[PDB]
Structure formats: C-alpha cells, structure tokens
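Peer 1: Here is the sequence, then the experimental structure:
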Amino acid sequence: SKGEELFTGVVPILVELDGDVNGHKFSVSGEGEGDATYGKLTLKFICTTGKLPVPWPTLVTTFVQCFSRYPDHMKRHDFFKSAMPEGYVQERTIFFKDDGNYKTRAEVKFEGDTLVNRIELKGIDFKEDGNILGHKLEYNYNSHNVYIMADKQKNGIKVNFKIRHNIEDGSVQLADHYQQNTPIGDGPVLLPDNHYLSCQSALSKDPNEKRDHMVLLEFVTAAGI
C-alpha cells in the first residue's frame with residue numbers, strides 16, 4: 001500500500017486542538033511519536049490556554065488511528081494508512097449520556113515527516129455541575145473496542161463505539177461515539193470489511209510539568225478477521 005510504507009518506522013506526531021464547550025474556549029497542543037509496527041503511541045498534551053475546562057480523559061479519543069497495528073493478514077482493510085500522505089477528515093459526534101455532546105472535525109495528514117492531527121471541537125448542552133464541566137471523572141482509561149465498517153457511498157468508513165469513563169463515585173459516564181472518515185485526496189483508499197480495533201490507554205502526569213497536561217501511552221491492534 002501507498003501509505004503503508006510511511007509507517008514502517010517511528011513517526012513524530014503533532015496534535016493541535018481548538019475547543020469551545022458551552023462557551024468555555026480552550027486550546028491544546030500535543031507532541032509524541034507513533035510506531036504502527038507495534039500499534040504504539042506515546043504523547044504528551046498541554047492545555048496552552050490555562051486550565052482545561054473538561055476532564056482530560058474525555059479528549060483522548062479526539063486526540064490518529066493510522067498508528068493502529070494491522071496484522072499482515074488484515075492489511076487490505078487499513079483505510080487509515082491508505083489515505084496517506086494526503087490524509088483524511090475525521091468527524092465525530094460524542095454523546096455523553098445524560099449530559100452534552102462534542103462535535104469534532106479533524107484533518108489527519110502528513111506535514112513533511114510529521115503526522116499532524118488538527119482538530120476543531122465544539123461542545124454544547126453540557127450541565128455546568130455535571131460529570132464533565134464539574135470534573136467528576138477519574139484520571140484513567142479503560143480498554144475498548146472500536147468497530148469499523150466501510151461506507152462505500154462516501155469512499156470512507158463509519159466507526160462506532162462506546163467509551164465508559166469512570167466517575168469518582170464508582171459509577172460510569174458513557175460517551176457514545178459516532179464517527180466518519182473520508183479521504184482528503186482524490187486518491188484511492190482501502191475500504192475494509194467489518195472489523196474492530198482493540199485499544200488500551202494509560203494516562204499519567206509529567207512530575208515536572210506545571211501546565212495542565214496529560215501523558216498518554218496507547219496500544220491499538222486491529223482484529224476480528
């Protein structure tokens with residue numbers, strides 16, 4: 001595959017997000033590297049506007065599935081890498097149960113040797129004292145499966161999954177994800193058969209970082225075929 005070759009080694013990653021949740025505006029910058037051979041991602045995110053108005057875990061999914069490890073026997077189903085270097089647009093609506101929703105639009109593409117994820121996020125209908133704006137979510141992350149289906153109509157894919165964020169009282173805050181990806185270029189891409197990505201994420205802090213931030217270590221592997 002075309003893009004396939006772009007991911008054989010360690011690739012630097014840059015993430016830039018501008019967000020507005022219920023009028024609370026903020027920006028985040030992230031840097032790190034991905035090693036698709038091992039489905040590995042290592043990144044550090046910094047809120048460059050001061051304090052993040054929402055819990056960091058709620059932004060993990062928004063912050064480059066092209067770094068997922070696709071088993072050799074499943075390479076023909078790797079839409080993400082096939083869209084590179086031109087990239088793909090990734091759009092989501094994330095519904096937080098009994099609370100508001102995030103709508104995101106992002107462009108993932110290479111800028112030189114760096115894989116960049118530029119995101120615009122808009123959140124509305126949140127409860128000021130809810131689990132999100134109220135900061136009631138634990139700083140951790142559960143393993144989840146991400147379900148992918150082709151969408152030949154748009155020469156792209158449809159993705160859906162549920163993220164369960166742990167609330168400090170022991171309960172869970174469901175975040176229902178509806179996602180669509182379509183190529184940026186007019187080039188050809190690989191439309192996959194149904195499969196899923198198995199994802200695990202570990203959140204941590206940089207003991208010397210005084211800015212509001214998040215350190216992320218993530219491993220993702222395609223499966224189901």
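Peer 2: Perfect, I can see it now. Residues are numbered from 1 along each chain as shown.

Peer 1: going forward, measure contacts between C-alpha atoms and count neighbours the same way
Peer 2: OK.

Peer 1: CA atoms only for stretch 55-69 - export them in PDB, please.
Peer 2: The C-alpha trace of stretch 55-69 is given here as PDB (Å, rounded to 0.1, in the frame of the first residue of the first chain):
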ATOM      1  CA  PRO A  55     -11.700  16.200  32.000                       C
ATOM      2  CA  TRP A  56      -8.600  15.100  30.100                       C
ATOM      3  CA  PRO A  57     -10.000  11.600  29.600                       C
ATOM      4  CA  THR A  58     -12.900  13.000  27.700                       C
ATOM      5  CA  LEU A  59     -10.500  14.200  24.900                       C
ATOM      6  CA  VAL A  60      -8.400  11.000  24.500                       C
ATOM      7  CA  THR A  61     -10.400   9.700  21.500                       C
ATOM      8  CA  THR A  62     -10.300  13.100  19.800                       C
ATOM      9  CA  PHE A  63      -6.600  13.400  20.200                       C
ATOM     10  CA  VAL A  64      -4.500   9.100  14.600                       C
ATOM     11  CA  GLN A  65      -5.800   5.600  14.000                       C
ATOM     12  CA  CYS A  66      -3.300   5.300  11.200                       C
ATOM     13  CA  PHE A  67      -0.900   4.200  14.000                       C
ATOM     14  CA  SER A  68      -3.000   1.100  14.800                       C
ATOM     15  CA  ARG A  69      -1.200  -2.200  14.200                       C
END
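
Peer 1: Tell me which residues of that stretch come out buried.
Peer 2: 55, 56, 57, 58, 62, 63, 64, 65, 66, 67, 68, 69 (16 or more other C-alpha atoms under 10 Å).

Peer 1: contacting residues around the fifth one?
Peer 2: Going back to what we said before, that points to residue 62. Residue 62 is in contact with 104, 119, counting by C-alpha atoms under 8 Å, 6 or more residues apart in numbering.

Peer 1: Give me the three-state assignment for it.
Peer 2: coil (DSSP: H, G, I helix; E, B strand; the rest coil).

Peer 1: Just give me the closest of the buried residues of stretch 55-69 to residue 197.
Peer 2: residue 68 (7.6 Å; C-alpha to C-alpha).

Peer 1: Return the backbone torsion pair for the closest one.
Peer 2: Backbone torsions for residue 68, taken as degrees, to the nearest 10, come to phi -70, psi 150.

Peer 1: Residues contacting the helix or strand hosting residue 200, please?
Peer 2: Using DSSP states H and E, residue 200 maps to strand 195-204. Strand 195-204 is contacted from outside by 68, 139-149, 214-225, using C-alpha under 8 Å, 6+ apart.

Peer 1: run the last query once more with 6 Å
Peer 2: Under the contact criterion C-alpha atoms under 6 Å, 6 or more residues apart in numbering, strand 195-204 has outside partners 140-141, 143-148, 215-224.
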